[PDB]
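Protein chains in written order, with this note's numbering: chain G, 120 to 296; chain L, 120 to 296; chain S, 234 to 405; chain P, 234 to 405; chain V, 234 to 405; chain E, 16 to 73; chain Z, 49 to 372; chain A, 16 to 177.
Scroll down for the structure; my scribbles are underneath it.
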Ligand SMILES: C=CC1=C(C)[C@@H](Cc2[nH]c(/C=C3N=C(/C=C4\NC(=O)[C@H](C)[C@H]4CC)C(C)=C\3CCC(=O)O)c(CCC(=O)O)c2C)NC1=O
Ligand SMILES: C=CC1=C(C)[C@@H](Cc2[nH]c(/C=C3N=C(/C=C4\NC(=O)[C@H](C)[C@H]4CC)C(C)=C\3CCC(=O)O)c(CCC(=O)O)c2C)NC1=O
Ligand SMILES: C=CC1=C(C)[C@@H](Cc2[nH]c(/C=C3N=C(/C=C4\NC(=O)[C@H](C)[C@H]4CC)C(C)=C\3CCC(=O)O)c(CCC(=O)O)c2C)NC1=O
Ligand SMILES: C=CC1=C(C)[C@@H](Cc2[nH]c(/C=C3N=C(/C=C4\NC(=O)[C@H](C)[C@H]4CC)C(C)=C\3CCC(=O)O)c(CCC(=O)O)c2C)NC1=O
Ligand SMILES: C=CC1=C(C)[C@@H](Cc2[nH]c(/C=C3N=C(/C=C4\NC(=O)[C@H](C)[C@H]4CC)C(C)=C\3CCC(=O)O)c(CCC(=O)O)c2C)NC1=O
Ligand SMILES: C=CC1=C(C)[C@@H](Cc2[nH]c(/C=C3N=C(/C=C4\NC(=O)[C@H](C)[C@H]4CC)C(C)=C\3CCC(=O)O)c(CCC(=O)O)c2C)NC1=O
Ligand SMILES: C=CC1=C(C)[C@@H](Cc2[nH]c(/C=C3N=C(/C=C4\NC(=O)[C@H](C)[C@H]4CC)C(C)=C\3CCC(=O)O)c(CCC(=O)O)c2C)NC1=O
Ligand SMILES: C=CC1=C(C)[C@@H](Cc2[nH]c(/C=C3N=C(/C=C4\NC(=O)[C@H](C)[C@H]4CC)C(C)=C\3CCC(=O)O)c(CCC(=O)O)c2C)NC1=O
Ligand SMILES: C=CC1=C(C)[C@@H](Cc2[nH]c(/C=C3N=C(/C=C4\NC(=O)[C@H](C)[C@H]4CC)C(C)=C\3CCC(=O)O)c(CCC(=O)O)c2C)NC1=O
Ligand SMILES: C=CC1=C(C)[C@@H](Cc2[nH]c(/C=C3N=C(/C=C4\NC(=O)[C@H](C)[C@H]4CC)C(C)=C\3CCC(=O)O)c(CCC(=O)O)c2C)NC1=O
Ligand SMILES: CCC1=C(C)/C(=C/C2=NC(=C\c3[nH]c(/C=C4\NC(=O)[C@H](C)[C@H]4CC)c(C)c3CCC(=O)O)/C(CCC(=O)O)=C2C)NC1=O
Ligand SMILES: CCC1=C(C)/C(=C/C2=NC(=C\c3[nH]c(/C=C4\NC(=O)[C@H](C)[C@H]4CC)c(C)c3CCC(=O)O)/C(CCC(=O)O)=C2C)NC1=O
Ligand SMILES: CCC1=C(C)/C(=C/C2=NC(=C\c3[nH]c(/C=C4\NC(=O)[C@H](C)[C@H]4CC)c(C)c3CCC(=O)O)/C(CCC(=O)O)=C2C)NC1=O
Ligand SMILES: CCC1=C(C)/C(=C/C2=NC(=C\c3[nH]c(/C=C4\NC(=O)[C@H](C)[C@H]4CC)c(C)c3CCC(=O)O)/C(CCC(=O)O)=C2C)NC1=O
């Protein structure tokens, strides 16, 4: 399973490259400000189930007829599966942040999620409308720009990694586009 | 699985006849030539470690692009598997000649190894160059004209039998083709 | 493409015998109810778009995420292609109504139609609602007694409801 | 297609080298038997409609369940398509007689022939017993001493049997 | 196919609103490279034979398997099959570079390339070196301002080499 | 020319097995040996183009 | 992500990473009291493993709140514990009663044994127990055989094993195994080849025919062709599937033949000018150009080049290409 | 299988058309002659063993060589006469299937297509079956419009053997 420490060793074994210290400086930049990844992960995994609390509630306020007859989150069984559907994919977003690659959301989640959501008739527009809501919901704990809450940080620019979650949120709508 | 003795039964079944003296004349001459075939397959299975030696170290000197970093026999599991993938397919034709029928080869392995192999990614032209390197490796041993090891048989001419193991191994190669 | 008459002929030929006396009056029953069956498909071809636009406006008022911006059937190139599928299955059930069987219906429409709806990403539970939205409107005019002499046409509209039910099953 | 001369071209093109001298004196043995090849294909295709209809007639005698109604070869569409495939194997065996190898018979006619028959449902054990009638009607046809002078062609009739038993084990 | 102007309209329709004014001056950076894209096409479309000669000059040298007797590209149509396949990975990248995305690159070349090499047995190992021998051959070839003024083009050298590595991972 | 000798009984069976298409079935009929000796040996190349655009392209 | 020789591993990117990472064995001969985060992880592992990653909520886990507690002293795992989970209402709601008998059999092998049965003589031995000796011996036909008492000793958890050469199933059982396993984000129901109402492998599991092993999550893996047999004995139709054989004069006219597998086309895409023809957009008979998608073709080697153009200029994605 | 009902469906499916008043008289005119054609099918069914064996003897009176000549294609033996009576029973069965469906559907599919491949292979003459069918044409003993429907599908079979 890939991470950014081992992204280069599946790159350099095309070259059979004994890694002299030129290409390793990005890994020495990965170990430089990986604390800002680490200080964002504790700002995610402690504030995790309030991301999904307004995900489908933010979806149903503008796409109202999925709790209507002929919806998709009509019953209690139809709705509670959707709240675990969104919380699984945000669990699998933040595996990739501390790892450093786009491994885990492709080799487990999107190795077959496009045929999943069309086997059930899960609407792909509303299952990216919530994740576009969960895009900007997941950047605000990294940014500390939130209307409601402040996390005890140190003050720098994490905008290299504030859009890296959005650079994981783009390829979750790769197949379910 | 079919036997040649079973082959005349279903021949005599949709015909709804009994067994006559007419088709019996093939099988009674098959009995007395049974020891000659029994003098064949014992030397096929007892020099099998040489035949899987020259299966894979011979095909790799005529395309060394698989031991290259990035090839399809590069790592030491795929190095281990190619030693293992060839020592089952000559074990199956040792079963197939005692029955005489190729259907035991067909239903066990030759129904569907081709559909796996392009999803396992291995090339088939490399395989049939490794299939046919066991083909002439086989037919030396049944006739006792092998160079570096000469074994104990009787005296005669098993070139009807030596075409039969050549009648198997092309269909081994045509299955992957 | 078989008929009701050709389905009982093709079962006879594979047995290799003539038609029995119980099978000719089973078909002589079927020809005297022919003007009932000609009066049914005259009702659902003289209203062959007033069924469809009133079934579309029923469904679009009920399910609102079809017309939403971003929807499956939102834009006007995916709106006539929604009304194309709502109009050919009203056509192809009415071919299966006049035949007496539905082997015209599944092979010319429904063979793998839920597999092409899988490839487009179409919600198929709502189109099965739209066939049921078309099914009761089709039997409300088949039961309409205007202009025709009055009799019993009971099992023919239960046959017509079975053709819509066979269409609405294999699209989800 | 490949004949026997096209074998050792492609059996040495991947090997890389030239044609070695120890192989071609076996191939100049084959042109001594070149005149005993072409009579023998002329023996088969002159009687090419008397080996087919004399062995389909002896097939339906022993197996009456194919021409009975509801059988596989019952109708006139499926009788003509039974005599079609009985002559198709008679072409591609005699194509392999003139060439010197099997590799046009089992590449254009036997590569999926039993899996054609498992999908259609024809008895694949029973096409082998029609072919083995045609084996015995042609090997015993190609041992006559009329039309040719006599001499031992016992080596070349085992090759004619060896493709007739190759279609006997292809179809089961 | 869709382009780099189309996706911010594809997220203006599938979201469903009007234009934000932050979506308008993000397109000013597209024409901050808009002239600077156009001379980058001149460094690859005027050197079409020049890269694909200089790369396959190198590729059989450290990897002599392709020219072996029994190698892949052995006959001259297979060696011409390399040259019609080396250029299209650069041609559709040259379609992708004037586009600004990889939609038409995935539409017409890439989707159907891993399995097509695997069915034919042409290796996935060495069709990535044909990316990589032209990868560094166009990093040098496009980084020079011979004819155009001098400034910042440090974005688009990480976009055409942001498309070769997309073609590298989509084939191995 | 829908005679018994001009029929193509092996090309007919591959259509019925859905092996080839209609476009591969029209291509087998112009390359059929009845179409050569009856419609291609008896006119030149400038009349045969008038046949293969009137019948094929319609 | 896609790759065969990308990092030397052929089947971690085929969808079997976590089915090859874990082993799921339990270490104590009875479950110790006091700590309830070390053996409840084993139960929710088996609640996705045996049910096939189906959603068991706690509203039905507390309906089944006896059968795991008797495992904690008194039952064995894999022999008795998931056997008790196979005799539930929740097991009978998904894999027994919404579907036919063979579909209940051929989904039980993925659930219990971790394989696909080949032919019908493996369907013969399992369905000779239901029609004679009920449902409870039908479920316990699996659990007391050589296929169950050898691969797992009784304190592991039953994994997937239908890809290895030590599991001597067939070569066709490989090809069915990636029809049944579509990554780790599917179920019995969230599977497009069969939902809960259907049967997975009706023809192909019986007749041992191998199929195109498509890597899941690929570009255009939303394809499966439908079924209609051809011929006049079985009164079938023609025009739905391309043939699986490629025999004849068009076998070796254009070289070696192939079978391609197109995902699907639409109405925008046919013209070579990037749009829709503004007009009536149809013919008079109101069908598409490809009036059902997910179609397939049989084509030789010397026309692979214009056919790969003609699919890809028209909006069709390709699943795979298999030679015939 | 062409019927009148599976032909007007096909021209409706060519034009994308709902079943108009044009296609509702092609299927109505089948119903005004399904009365007379189903009595003719019921009458030919009952008098089958009179008409089959009577036509098999009327062949042998016109062509007496067929009962005399040796070899397997002739009626000179017991099993040669049994296969001739099977064949007229195959021919007369497809006449009654056409009176049920109202057209020449079942004898197109099950009888006519592939027939000349058999009659050349097994050395069977097509004029042996004209004389068998010209017996059945003017010895079924029907009358009126019941005879008009049986005499339409009998000489459709004569014209595909001629
Ligand atoms: C129609 C009904 C309706 C809703 C339910 C909300 C749903 C909603 N929430 C957020 C957006 C958000 N939601 C959260 C979540 C939380 N904030 C916290 O700190 C808590 C711990 C946690 C639960 C309250 C955060 C951090 C953001 C981003 C910034 C913010 O709004 O605070 C966004 C913006 C996402 C985007 O830009 O696409 C939306 C639409 N808005 C609506 O219009
Ligand atoms: C097990 C738990 C555990 C952790 C999570 C880390 C905790 C941690 N976070 C940071 C440190 C930091 N975190 C931030 C981040 C930010 N500041 C902002 O206001 C932005 C909003 C946000 C950027 C996204 C910055 C800028 C630093 C200091 C630079 C650095 O990372 O060293 C540091 C370095 C400061 C120091 O040296 O003391 C440490 C130790 N260590 C632990 O032991
Ligand atoms: C490319 C690198 C390379 C090798 C690895 C060796 C391997 C090797 N051996 C043989 C050829 C052979 N190899 C054997 C096998 C054996 N002989 C015995 O008697 C033993 C019991 C047994 C185990 C060694 C036999 C019997 C032949 C045929 C020659 C002969 O002995 O008559 C061939 C020719 C087969 C062919 O390609 O068609 C090759 C390539 N030679 C090489 O050039
Ligand atoms: C009936 C016999 C029989 C077999 C052959 C195997 C079939 C088979 N072979 C391999 C797997 C393989 N087989 C080979 C072998 C070869 N590939 C090449 O490039 C060479 C042409 C050739 C050596 C001669 C290789 C290299 C692997 C890859 C192992 C891997 O991918 O990890 C696998 C995958 C194993 C797994 O995923 O666990 C299977 C099921 N099983 C059987 O029961
Ligand atoms: C216990 C183990 C066991 C065996 C190994 C075989 C042993 C065996 N081999 C042969 C006998 C024979 N085997 C051969 C075979 C060959 N001779 C050649 O010249 C070729 C090199 C080769 C294969 C073509 C021939 C020609 C005979 C003599 C003919 C015969 O009587 O079978 C015989 C019969 C005559 C005899 O008693 O010796 C027996 C019993 N049977 C067994 O039960
Ligand atoms: C003695 C008093 C007396 C009556 C007035 C009628 C009243 C009446 N009309 C209809 C029913 C009908 N009656 C007619 C007849 C006609 N419609 C016309 O426009 C034509 C002028 C006329 C003769 C062709 C038709 C066409 C229907 C069916 C239409 C409907 O659904 O009502 C029915 C139901 C079935 C029936 O019996 O016909 C009844 C009870 N019956 C009676 O017992
Ligand atoms: C060429 C086109 C064509 C038509 C449009 C119809 C029109 C039509 N219907 C009927 C005749 C009839 N039509 C019906 C049908 C019905 N009566 C009802 O009240 C129900 C609403 C409906 C049931 C479906 C009945 C029941 C009769 C017979 C009247 C009776 O019962 O006495 C008749 C009288 C003669 C006949 O039976 O055919 C005619 C001409 N027939 C045709 O041939
Ligand atoms: C265009 C078609 C065509 C043919 C079919 C052959 C036919 C043919 N065969 C022979 C000549 C012969 N042909 C045979 C053949 C046979 N004897 C048997 O017992 C077998 C039944 C049969 C083999 C199938 C023999 C034994 C000879 C004489 C020996 C010899 O050829 O020297 C000759 C005389 C010249 C010669 O001796 O070679 C000719 C013309 N040649 C042709 O040009
Ligand atoms: C009409 C067709 C058309 C072209 C063929 C190109 C050619 C071109 N480029 C530039 C203009 C430019 N071209 C470059 C490009 C480069 N400088 C570098 O350092 C790189 C090595 C090199 C890219 C290969 C830069 C950086 C500018 C802007 C000058 C500046 O930065 O001040 C201009 C001047 C007008 C302008 O600024 O847009 C023109 C005509 N642009 C076009 O519009
Ligand atoms: C590790 C990867 C992984 C996942 C991603 C999920 C994937 C997943 N989702 C659902 C299943 C589902 N998921 C949804 C969710 C939604 N539909 C909508 O319209 C909303 C927009 C959206 C919520 C955010 C719905 C409605 C179902 C169907 C439940 C049902 O059919 O009742 C199922 C079926 C489970 C079952 O019902 O038994 C599975 C396996 N599970 C996994 O193991
Ligand atoms: C290129 C060479 C070629 C081969 C190899 C071939 C096989 C072949 N045999 C077929 C059918 C058939 N083949 C048979 C033949 C038999 N079934 C029996 O029960 C008998 C044992 C046997 C006759 C003696 C029958 C009855 C059909 C079915 C015909 C139909 O369904 O229309 C079909 C379906 C199409 C058809 O002919 O109707 C194919 C493709 N076709 C070819 O064109
Ligand atoms: C629409 C755009 C398009 C694509 C994407 C395409 C791919 C494509 N590449 C092919 C072949 C090929 N491609 C190669 C190329 C290579 N093999 C190697 O080993 C080298 C590493 C590499 C570069 C030299 C070879 C050798 C073949 C022929 C395979 C064979 O004949 O064995 C073929 C088979 C037909 C043919 O020979 O052209 C297709 C369809 N063709 C197209 O028209
Ligand atoms: C041979 C007869 C035939 C079949 C079997 C068939 C299936 C079919 N339905 C299609 C589209 C479609 N079908 C629908 C229908 C619906 N979507 C919804 O939201 C509603 C629930 C439902 C109906 C109101 C829509 C919106 C499209 C267009 C989807 C697209 O273009 O991407 C397409 C794509 C091409 C087209 O525009 O027609 C095919 C091939 N088409 C045919 O002509
Ligand atoms: C339903 C469509 C259909 C038709 C038409 C049909 C004809 C048909 N007639 C046959 C034979 C035959 N048909 C006859 C009939 C006759 N010879 C005479 O001398 C009489 C004058 C004449 C009877 C009127 C005979 C003697 C044979 C046997 C030929 C043989 O065994 O070689 C055979 C050979 C198989 C057999 O019956 O043993 C076929 C296939 N089969 C069909 O499935």
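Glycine residues also receive a C-beta, built at the ideal position from the N, C-alpha and C atoms.
| Item | Value |
| --- | --- |
| Quiz: which residues have CB nearer than 7 Å to ligand 8 non-hydrogen atoms | P:268, P:269, P:271, P:272, P:273, P:274, P:275, P:276, P:375, P:376, P:377, P:378, P:381, P:382, P:383, P:384, P:386, P:389 |
| Burial state of residue 47 of chain A, where buried means 16 or more other Cβ atoms lie within 10 Å | exposed |
| Backbone secondary structure at residue 371 of chain Z - three-state DSSP | strand |
| Range of the contiguous beta strand (DSSP E) that encloses residue 307 of chain Z | 306 to 310 |
| Straight-line gap, residue 133 of chain L to residue 85 of chain A (C-alpha atoms, nearest Å) | 30 Å |
| Straight-line gap, residue 384 of chain P to residue 265 of chain P (C-alpha atoms, nearest Å) | 13 Å |
| Three-pair Cβ contact test at 8 Å for the region 196 to 209 of chain Z versus the region 247 to 266 of chain Z | no |
| Stretch-stretch touch, CB-based, cutoff 8 Å, three pairs: the region 158 to 170 of chain G with the region 267 to 279 of chain G | yes |
| Distance, residue 58 of chain Z Cα to residue 256 of chain V Cα | 42 Å |
| Beta-carbon contacts of residue 100 of chain Z that lie in its chain and below 7 Å, excluding the five residues immediately before and after | 158, 159, 235, 236 |
| Contact with chain S by residue 274 of chain Z, beta-carbon distance below 7 Å | yes |
| Whether residue 280 of chain L touches residue 159 of chain L by CB criterion (7 Å) | yes |
| Residue environment, residue 229 of chain Z, which counts as buried when at least 16 other CB atoms sit within 10 Å | buried |
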